[PDB]
Structures are given as structure tokens and as C-alpha cells.
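Asks: only geometry, no sequence info:
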Ligand SMILES: [Br-]
């Protein structure tokens, strides 16, 4: 049962990422797993509950991933570079995660439970970036500048570049996004020195 | 005429898509709001995707006309750039609604080639307008020398990311904060010292 739910969520996430939440029907999820629509309904009374529980799950996976990746890193510049690297829409899992987040931005403007979940996840991320900046400022590697405003700018820049990648802007690519962000950190965050 | 019927359908459909979400709008919603039948709507737009596509085409043209009217008497590049950025704010009403729709387009683009092409052409024009404005300011000596293309990439991405924060309701975000943040970026990263 914890298992059944798990399979539904993993399958729903992928379908939502690749086909679009509103284009995914409950039979599409059943067909993808071999169950029936009634089973799916038993665990999730509505389509929205699937999205919401899938999202909850994903936010957890992503924060785990981030802890694993940053756990040994003490140098704030390296930490920030790695934080930024985790946000790239690389082929496979991360690109799929971006696809779903793009939809959640829209669904947030309409659904309060989704908006709440989105804002809590974003705030956690945002505080992380700010904390990291402040650390680098205390270590002397980062320029003394309001961390909150800088975190706001970097977060916003990450989101905008992601969109340009996902939508196919000419000359855009994950690598160019990476370079652009690394240049932002080296030239706007790092202490010229 | 019949140019009239088309127009009205598209103005209505745009507003509904913005406030309710594309996938939540039905043909009957549009018909009810205008007092026609579904058959008239279908005649002009065989499918819902055609409505979205044609509504987007129309909005892209309106928005560019709005831009020319606002900028045509402005020769100072700094003032032009400030006004250009002002037109991108999600201010109450039509501009907010347009953001609503563009957020949906970002997702729909990852799935529909015609919407993707239209979005890329419209983005490209805006991007070139930004780069051109930067280059004029450089020639006038009011903007710092820097790659206008990288700067146009950065500015455009920043705008998009800040808009998402406004629309999604990030704590402390408001159209006023976004304006201030973007004007601070221009004065400190674009304007010459
Ligand atoms: Br030019």
C-alpha cells in the first residue's frame, strides 16, 4: 500500500512532466501501471490530490539530493556553485522536475494548497541561497552586499534562464545557462580581489 | 462584420484564459460571456488550441503597439530602458492578465510547436529591443560598455523570474518591489560610472 501509492505518484509525476497536468487523465495513469481507475481514486480522491502529493514527494527528494550534494562542502563559493548546478534542467529527472515546476507556477495563481506548498519550498531554497551568501561574506570570498537582494536576483535569474532553455530560445542550452550563472557569481558575487 | 465576431471571441478568450486557466476554459464559457453559440466559435476557431494561438498572436501585436506609443517620444536610452521595463510589470488589469497567459504559454510551448514558434518570435523581438536600447545608451555614453547580448539575456531572465515571484505570491514581493529591484539593477549594472 505505501508501495502502491508510490508507484502512482512516480508515474503521475512523469506523465505530468511530459504531457502536461491537464492532459493527463486518471486512465492514463492506470494504463501506465496496469491498475484500474478505482484503485487510483481510492488513494487520491481527485486529480489535484495526485499533483499535490507528487509535489510534496518531489520537494522532499530534491532537498535530500541537495543535502547529499552539499554535506561535505565548507567553502561558500564551491557551495554556491554546486547549489546552482543542482538547479540546471539537465536531461532526464531535472528537466522533468522543471516541467512540473513551470506548471505549478500557473496552478499557484489558482489553487491555494499548491500555492502554499510552492511558497514553502521556494522559501526554503531562497533561505539556503541567502545563508550561503552570508557565509561567503563572513569567510571573505563574497562581496559585502545585501544577501537577501542578491538571493532574490540569483533566484530570479535562475528561473528566467530555465524558461529560456525549456522554451527553446535560440543559442540557449543547459551549458550556456551554466556559464551565464557561473559568470554572475564570479562577477557579481565574488569579491574582486 | 465578421472581423468583429473574431475579435470579440479572442478578447474574451484571452481574459478567461488569464483568470481561469486555459484548460479550465470551455467553449461554452466563451459563448455564454458573449451570447453566441458554440457553433459560431467553432466556425472561426476549429479548436481550442487555435483560439489560444490566435489570441496570443493578437496580444503580441497589441503589446507591441503599446510599446511604440509609450516610447516613440523618448530619445534618452536610460529613460527608454526604464519605460521598457515599466511595460513589463504585472500591473493590475491587462498587464497582469498577460503575465498569467505567458506563464501558461511557457508550459504549452514545451508541447505545441506553433505556440512555441510564436512565443520564440515574440521573445526574440523583445530581446532585440533590449539589446538595441543598451547599445544606443552605450553610444550616448550613459550606459557602461559590456556585451549587450549577455546583458539583454540577463535582464530578460531577471524580469521573468521576478514576475513569477510576484504572481506566485512570494513574501515581501509586490509589483513595487519588482520595479525597485529592476531599477536598482539598471542603475548599478547598466548605467555608466
Ligand atoms: Br543596435
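Replies: Yes, it's here. Residues are numbered from 1 along each chain as shown, chains lettered A, B, ... in the order given.

Asks: now the strands for chain A?
Replies: In chain A, no strands are defined using DSSP state E.

Asks: get me the contact residues on it for chain B.
Replies: Neighbours of chain B within chain A, by CB under 8 Å from any CB of the partner chain: A:19-20, A:22-23, A:99, A:102-103, A:105-110, A:115, A:118-119, A:122-123, A:126, A:149, A:152-153, A:155-161, A:163-164, A:166-170, A:180, A:183-184, A:188. Where C-beta positions appear, they are placed from N, C-alpha and C, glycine not excepted.

Asks: can I have the buried ones of those as a ChimeraX selection?
Replies: Of the residues of chain A next to chain B, the buried ones go into a single ChimeraX selection, burial set by 16 or more other CB atoms under 10 Å in any protein chain shown:
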select /A:20,22,99,102,103,105,106,107,108,109,115,118,119,122,126,149,152,153,155,156,157,158,159,160,161,163,164,166,167,169,180,184,188
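
Asks: just checking, which of the residues of chain A next to chain B belong to helices?
Replies: Taking DSSP state H as the definition of helices, those contribute A:19, A:99, A:102-103, A:105-108, A:115, A:118-119, A:122-123, A:126, A:149, A:152-153, A:155-161, A:163-164, A:166-167, A:180, A:183-184.

Asks: need the nearest residue in space to residue A:114, chain neighbours excluded.
Replies: Leaving aside its sequence neighbours, residue A:114 sits nearest to residue A:107 (CB to CB, 6 or more residues apart in numbering or on different chains; 4.8 Å).

Asks: residue A:26 and residue B:129, how far apart?
Replies: 45 Å (CB to CB, to the nearest Å).

Asks: now residue A:64
Replies: From residue A:64 across to residue B:129, the span is 43 Å (CB to CB).

Asks: who's more crowded, these two?
Replies: residue B:129 (17 against 10; other CB atoms under 10 Å in any protein chain shown).

Asks: which residues sit in contact with that one?
Replies: Contacts for residue B:129 (CB atoms under 8 Å, 6 or more residues apart in numbering or on different chains) come out as B:67, B:84.

Asks: from the ion, how far out is it?
Replies: 10 Å (CB to the ion, to the nearest Å).

Asks: check residue A:157 too.
Replies: In terms of CB to the ion, residue A:157 sits 24 Å off from the ion.

Asks: repeat for residue A:35
Replies: Distance, residue A:35 to the ion, using CB to the ion: 59 Å.

Asks: and residue A:30, by the same measure?
Replies: In this view, residue A:30 and the ion are 55 Å apart by CB to the ion.

Asks: residue A:138 now?
Replies: In terms of CB to the ion, residue A:138 sits 43 Å off from the ion.

Asks: likewise for residue A:107?
Replies: 39 Å.

Asks: residues contacting that residue?
Replies: Residue A:107 makes contact with A:21, A:51, A:114, B:21, according to CB under 8 Å, 6+ apart.

Asks: dihedrals phi and psi, the nearest residue to the last one once chain neighbours are set aside?
Replies: Sequence neighbours aside, residue A:110 is the residue nearest to residue B:21 in space, at 5.6 Å (criterion: CB to CB, 6+ apart). When quoted as degrees, to the nearest 10, the phi and psi of residue A:110 stand at phi -130, psi -30.

Asks: OK, contacts around residue A:110?
Replies: Residues in contact with residue A:110, defined by CB under 8 Å, 6+ apart, are B:20, B:21, B:24.

Asks: quick one: furthest residue from the center of chain A?
Replies: In chain A, counting by CA atoms, centre = their mean, residue A:193 sits farthest out from the average C-alpha position, at 33.0 Å.

Asks: okay, how far is it across stretch A:164-179, tip to tip?
Replies: End-to-end distance for stretch A:164-179, by CA to CA, to the nearest Å: 14 Å.
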